[PDB]
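Here's the structure, in structure tokens; my notes come after.
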Amino acid sequence: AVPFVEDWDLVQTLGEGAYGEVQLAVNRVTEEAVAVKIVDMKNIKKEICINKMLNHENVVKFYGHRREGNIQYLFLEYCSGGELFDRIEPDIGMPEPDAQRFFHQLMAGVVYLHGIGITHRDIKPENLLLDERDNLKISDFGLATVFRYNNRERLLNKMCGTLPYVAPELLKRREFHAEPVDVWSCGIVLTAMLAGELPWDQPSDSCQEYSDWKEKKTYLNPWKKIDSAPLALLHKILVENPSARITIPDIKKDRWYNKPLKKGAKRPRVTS
Ligand SMILES: NCCNC(=O)c1cncc(-c2cnc(Nc3cc(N4CCOCC4)ccn3)s2)c1
């Protein structure tokens, strides 16, 4: 009923790539911010379909979409804190309490997705967004797929993801379970947060850094920068055999996962 409420000004480029572009949109009337993903169809149907299923505090909300010929406009939750990628200091990482809080939020989002039978397939710091309160939100379902339907699991076979984050089974096996692949990429994200370095270009025996890890050479980088408690968790996540790999219910029982480290948000206080 209120005129101009449907008008959005595209004010800043959030991202640009092969997929198209992401723009920060500001409502003409309310000044509400949304991210608008603009896809040049000249995959998107699957992304919209998957987005319509999502409703979780650690998953970028989907508001709807509009088609204007060969161009689709996806109205998505705007995350003002940007990418988790930019919170990782190169060769350092970030404070262990911050990494633990982000890891708890990432596990919350992943448990949710797996619970509704969705696998993200490209978990990495570039796709993990932060809102105004530094809450982590999983974004970009362009590579996502349904791995469970009608309570029946579908084994995956497509090569999807980003090499440094990809699980070794995706490189060595024709078929693989979806869930351990997302668990592995979360372990690589945790490594990046705690060491500000990726451990290997890819999880192959031909890759020295990977062979060194399997040989337990933790006196080497990035492992030497990581405390024994999170390192013990990484030893359980970064397991080559996906059947032996720790599951999320067990990650929630891990000693480091449950270790008190982080104080709550900076609340206003006065003395006397
Ligand atoms: N993953 C690549 C394609 N993107 C998506 O699919 C995709 C899918 N769903 C949602 C989104 C976004 C939502 N909020 C965002 N905020 C944001 C803030 C930035 N900041 C840096 C510049 O100043 C402003 C804050 C920088 C970059 N992004 S991106 C993107």
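Numbers for the structure displayed
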| quantity | calculated |
| --- | --- |
| Exclusive hit being within 22 Å of the chain's Cα centre (by Cα), more than 15 Å from the ligand (Cβ to nearest atom), surrounded by fewer than 14 Cβ atoms within 10 Å (Cβ to Cβ) and not aliphatic (A, V, I, L, M), set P3, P90 | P90 |
| Residue count, region 40-62 (criterion: within 9 Å of the ligand (Cβ to nearest atom) and among the aliphatic types (A, V, I, L, M)) | 1 |
| Condition check for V146: β-branched (V, I, T), outside the structural domain of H56 (by CATH), touching a helix residue (DSSP H, G or I) at 6+ places or on another chain (Cβ under 9 Å) and surrounded by fewer than 20 Cβ atoms within 10 Å (Cβ to Cβ) | yes |
| Candidate set from region 114-135 (those that are assigned to a strand (DSSP E or B) and away from the ligand (no atom under 12 Å from the Cβ)); member that is farthest from the chain's Cα centre (by Cα) | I118 |
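Positions of Cβ are backbone-derived with ideal geometry, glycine not excepted, and every protein chain shown enters the neighbour counts. What is reported rests on the model, the rules as stated and the sources as named; these are not laboratory values.
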